[PDB]
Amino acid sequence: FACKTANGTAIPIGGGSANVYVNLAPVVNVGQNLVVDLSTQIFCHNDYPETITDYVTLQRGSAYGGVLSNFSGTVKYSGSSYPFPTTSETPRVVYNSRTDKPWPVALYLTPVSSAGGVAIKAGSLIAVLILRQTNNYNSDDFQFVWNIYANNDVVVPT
């Protein structure tokens, strides 16, 4: 089991960390969602589906910078929605394919009432997402840590 980003940065068997750079809607109004769809940027696969089934959770999702300060968040994982920042580990998603498959994570971030102006700064860390991978074969319990950075400013009109 291993993962990679759309620009080809890989985290190998055993886990590790990688940076993910996301383009963001430049203008988001109070009452609208900023959507960070990581399923287009983060992909994983099973290296031995002939024999092994891999299990994948969102162990934890943390908010930083302007997302922490200025937004109210929800994370959708494989069709279900949870608070973001997270309060518990999600159920498992099964990976039984050697072909790259999206990590089905998306953030829905809506500005808090006090938000206004530059709510997210280009280059800033906005989230850390922890992918936890186990299997039905041995005792592997690996973390794939995804550091999410904004590619651009996000302005909340006032």
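Rigid core: the largest C-alpha set superposing within 1.5 Å between the two forms. Quick note: we count residues from 1 along the sequence shown, nothing fancier.
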Open item on the list: Please tell me which region, 5-13 or 143-151, has C-alphas lying farther from the displayed form on average in 9 other deposited structures of this protein, with superposition done on the core.
Closed with: 5-13
TODO: Please work out whether 116-124 or 57-65 has the higher root mean square C-alpha deviation in 9 other deposited structures of this protein relative to the shown form, with the rigid core as fitting region?
DONE: 116-124
TODO: Would you determine, from the values in the PDB entry, which of 127-135 and 23-31 has the greater average C-alpha temperature factor?
DONE: 23-31
Task: Average Cα temperature factor in the PDB entry - higher stretch of 2-10, 149-157 - done: 2-10
Task: Residue selected from 96, 62, 57, 70 by maximal Cα B factor - done: 96
- [ ] Comparing against every modelled residue in the chain, figure out the third that the C-alpha B-factor of residue 50 lands in (lowest, middle or highest).
- [x] highest
- [ ] Select lowest, middle or highest to describe the third in which the CA B-factor of residue 37 falls within its chain in this entry.
- [x] middle
